[PDB]
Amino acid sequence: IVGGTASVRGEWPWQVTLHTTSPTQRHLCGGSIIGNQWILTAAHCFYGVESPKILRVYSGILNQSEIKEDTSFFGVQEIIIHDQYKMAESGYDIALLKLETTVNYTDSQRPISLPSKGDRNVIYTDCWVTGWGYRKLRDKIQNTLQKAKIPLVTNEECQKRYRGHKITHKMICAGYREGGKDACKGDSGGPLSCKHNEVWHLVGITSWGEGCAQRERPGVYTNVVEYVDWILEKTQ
């Protein structure tokens, strides 16, 4: 997260860190708890992932340094990638992880609600992107989970900034016109969380952008409301 600030323990309890263990263990992507055995993340995260065997899902983590050889994690039973996914920039950048056991919800690990389709005409004004990613383009994975408040952008404005890409209704864009706050490398797969009537909704999945926090280049997110039928179909 560029231009963000450190989070505190329990602040984003649906946020997980997905680690790969090949050839070494490291943070790979963010993700969101949406059910007791279900993580929603980005399909791009699994480029070069040989199988679910090498994945570990850690929940309730504030600092990456909390994760030691005895830290408990969830195994991944299945990776479900959208059938139309080809590359992040052309959409369908969404994946479900089915965990090998159920998350017991606690103050540190909690689900986030999906958007309502009856809530597709709501204007979200209180949206946040979170993650352990770079604070600038040539940086390092951060120890402490970072947060930034970022405004949503109309798809018409977003298409004007990305004339070489097809910005569709299945994407949502977010960023300041002058830049300065955005997701960056290592944040993808994590949530764009928006609060409405004091309830949090998983509105976007961090996906792609041209650089990080650049002027007039918003971040592009998978528009989760457009995938609710697909999610319910896979999780039922």
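Residue numbers here begin at 1 and follow the sequence given.
Legend entry - Which of 1-9 and 225-233 has higher mean CA B factor, as the PDB entry lists it: Taking the mean C-alpha B-factor of 225-233 and of 1-9, the larger value falls to 1-9.
Inset, instruction - Output the stretch having the higher mean C-alpha B factor in the entry; the candidates are 70-78 and 84-92. - result: That would be 84-92.
Inset, instruction - Report the option among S113, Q159, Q109, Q142 whose CA atom has the maximum B-factor in the deposited record. - result: Result of the comparison over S113, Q159, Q109, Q142: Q142.
Inset, instruction - Going by the CA temperature factor in the entry, name the top one among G189, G211, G35, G204. - result: Most elevated C-alpha B-factor of the set, per the entry: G211.
Legend entry - Among modelled residues of the same chain, the CA temperature factor third for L97: For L97, the deposited C-alpha B-factor lands in the lowest third.
Inset, instruction - Among all modelled residues of this chain, ranked by Cα B factor, put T20 in the bottom, middle or top third, i.e. lowest, middle or highest. - result: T20: CA B-factor falls in the lowest third of its chain.
Inset, instruction - Compare the C-alpha B factor of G180 with those of the other modelled residues in its chain, then answer lowest, middle or highest third. - result: For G180, whose C-alpha B-factor we compare with every modelled residue in the chain, the answer is the highest third.
Inset, instruction - Would you mind checking where the Cα B-factor of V49 ranks among the modelled residues of its chain, as the lowest, middle or highest third? - result: Middle third - that is where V49 ends up once the chain's C-alpha B-factors are sorted.
Inset, instruction - Relative to the other modelled residues of the same chain, rank the CA B-factor of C194 and answer lowest, middle or highest third. - result: Answer is lowest: the recorded C-alpha B-factor places it there.
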